[PDB]
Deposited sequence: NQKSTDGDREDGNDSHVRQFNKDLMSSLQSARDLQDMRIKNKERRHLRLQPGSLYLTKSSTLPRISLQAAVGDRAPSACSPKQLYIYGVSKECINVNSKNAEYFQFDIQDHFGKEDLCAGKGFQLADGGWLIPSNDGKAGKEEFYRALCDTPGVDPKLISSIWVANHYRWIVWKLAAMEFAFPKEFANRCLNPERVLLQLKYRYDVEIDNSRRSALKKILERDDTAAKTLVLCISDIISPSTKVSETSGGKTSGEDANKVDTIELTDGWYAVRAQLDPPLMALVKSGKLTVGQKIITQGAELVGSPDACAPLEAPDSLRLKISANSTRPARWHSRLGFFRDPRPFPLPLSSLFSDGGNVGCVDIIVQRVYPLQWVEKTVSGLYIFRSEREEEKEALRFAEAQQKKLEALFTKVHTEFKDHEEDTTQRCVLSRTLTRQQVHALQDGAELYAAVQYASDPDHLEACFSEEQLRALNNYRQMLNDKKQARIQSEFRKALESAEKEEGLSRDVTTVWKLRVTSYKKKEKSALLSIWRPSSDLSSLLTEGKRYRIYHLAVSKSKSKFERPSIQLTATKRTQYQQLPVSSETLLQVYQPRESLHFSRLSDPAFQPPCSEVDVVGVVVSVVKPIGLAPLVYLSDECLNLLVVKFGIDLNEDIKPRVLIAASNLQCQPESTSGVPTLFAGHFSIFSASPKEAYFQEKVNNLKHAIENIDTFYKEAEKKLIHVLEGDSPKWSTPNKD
């Protein structure tokens, strides 16, 4: 223990050295490890140094032959900021004959504490006694931090590869060896960690990171190994920690992460206990046991499978897909109340005239309606009575057989009763007018100013390039004429930054939805004919048969077909039907959810893209269904159709006679 007095001696002298030392400016003196690594002398992948395989011992260790420890393994990434080296157990009693403190590697005295310890301050003390170090540029909170991570690392390097890292790891000489190391990496060659950059507002972009989970349970805290900040997981992560996947002490890899409560700079040490970072599930995927805390090489965001996307949070930073399908533009409308409405072009041009027409009549009807608001016993005892009340005095002059010839038969007070019920009538009219205007004019300015809320959308059916698939949907709002012609079916792109994968709808929860935001970019990558055919099934114009065999889900149910119309039918009560017959005199029906595209008159070559199967097939009376994404045509130029049509254009340019009629007989009987 010592007579406990030879310690301040060692301390006042320790304290003096620093004293003088910081009283100046001097020449740098890179530490042991900094001058080593700093050169050539071949390095050694933290991997290679272990044959490649994470841990190699479990339970109570295969044994503590080589070298383990107690009060060292029973330690955490939240208490290493305290460890405390029992000065007594690492030098023994042979070096303890020295009550002037233990001199240490790199130059610089680490003086045990009265209490027999060697904690934070001790090292902060030494690290200041350390040659080539200016104690003005470091400080207790600085060493603190680092004394934490520089430990947990070593410690951890213990219960893990006991066979290659004895205790030749946690000695107080690799701690003061590293603390010096960091002071070289960061205070000398002034190289800044990943989070120190970010926090200090010098790279912020939360671009591809490799961090590590520390404290956890509303939010957790990640680290780059040097400094640490409190992240902000989204619901789906909130679940992966509450379930136990993000195991404090593991490496992940976020992408577009970001900051909240982040005014400007600040040194990660004076880190506002408010500010937080925002990891986002879809843009985070665990990283190997080894890696490299900090920013990562390929600055280019990493892709991944839709199959793996979630929905309670995050945008995907990148997705490597193939444009399976491509639908026609939709002219959506947001109803004054709630709910959104979808309309083809033909429909949002019909509706666009049906409105701006109606509600342009209302704008005049307000005025057409205000335009139509402009243009017995002796008459002597009588004239005296019907003179008192002015109200009846007026009356008595209007419904008067004779005009101003009667009011000249009374020139008294009762001629000032009429002329007082006269001018009160004007300031009654003049009131309505003035008001009746305004009242209207003001209700039209409340008319003419209301408009339909219409924007447009483009849906694409895409699938991850990486085998199998989960063809989800990509919606692109107000698609620039460019975008529109760049994306084509059966191609590859790497779309980056796609809308917060908003969940789909209609029945169950499989698959997901993609929307592109203003910061999405489309990079078209190539594909080999030879390796396309796995995922990408081109558009095919069925030979009509398929709809028969209980084995041909035919791509998400959509089919495109060709044929001739036998007869239209518009069932009283809405829900038209169109009977088409192909070349093998096969029949099916198209139920119309929209409006007949004109040309669909009985017996005409009709092509059609985008039709959905309906239940109960296998009955000669198939049942396709025309929705919003349906196209139709009397003269399709498209490929896949070209054949199957020349084919059906055959029995029309062949018999042409007993054909259409027989079909009629075919269909006529099935009824």
task = Enumerate the deposited-sequence segments absent from the coordinates, judged by C-alpha atoms, in order of position.
result = 1 to 21, 238 to 259, 419 to 430, 727 to 738
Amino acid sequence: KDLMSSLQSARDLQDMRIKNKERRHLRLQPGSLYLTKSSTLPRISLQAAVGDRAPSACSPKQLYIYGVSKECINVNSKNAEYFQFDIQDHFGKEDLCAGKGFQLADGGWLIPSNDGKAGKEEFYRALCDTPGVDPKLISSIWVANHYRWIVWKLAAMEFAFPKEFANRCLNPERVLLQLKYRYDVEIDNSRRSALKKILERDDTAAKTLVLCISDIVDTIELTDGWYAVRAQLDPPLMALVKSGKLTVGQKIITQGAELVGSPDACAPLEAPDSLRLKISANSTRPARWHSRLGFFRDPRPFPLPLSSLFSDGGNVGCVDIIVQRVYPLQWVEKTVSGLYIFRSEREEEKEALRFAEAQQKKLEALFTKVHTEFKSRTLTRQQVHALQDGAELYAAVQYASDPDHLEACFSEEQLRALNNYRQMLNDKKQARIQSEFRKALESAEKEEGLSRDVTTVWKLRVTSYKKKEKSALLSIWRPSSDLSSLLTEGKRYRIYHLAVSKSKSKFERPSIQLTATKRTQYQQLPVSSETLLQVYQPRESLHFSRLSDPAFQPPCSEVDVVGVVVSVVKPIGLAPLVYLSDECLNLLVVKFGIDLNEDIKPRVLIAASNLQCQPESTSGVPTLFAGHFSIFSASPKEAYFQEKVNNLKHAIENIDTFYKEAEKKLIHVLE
From here on, numbers count along this sequence of modelled residues.
query = Mean CA B-factor: is it higher for 501 to 509 or for 347 to 355?
reply = 501 to 509
task = Mind pulling up the entry and telling me whether 207 to 215 or 235 to 243 has the higher mean Cα temperature factor?
result = 235 to 243
ask   = Going by the entry, which of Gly116, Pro538, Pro172, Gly256 has the most elevated CA B factor?
value = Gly116
query = Which listed residue, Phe302, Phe85, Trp109, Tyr465, has the largest C-alpha temperature factor in the record?
reply = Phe85
query = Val50: which third of its chain by C-alpha temperature factor?
reply = highest
note = The third of the chain into which the C-alpha temperature factor of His543 falls is the highest
request  = Check where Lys375 lands among this chain's C-alpha B-factors and tell me if it's the lowest, middle or highest third.
outcome  = highest
task = Can you work out whether the C-alpha temperature factor of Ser451 puts it in the lowest, middle or highest third of the chain?
result = middle
remark   = On the chain's distribution of Cα B-factors, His385 falls within the third called highest
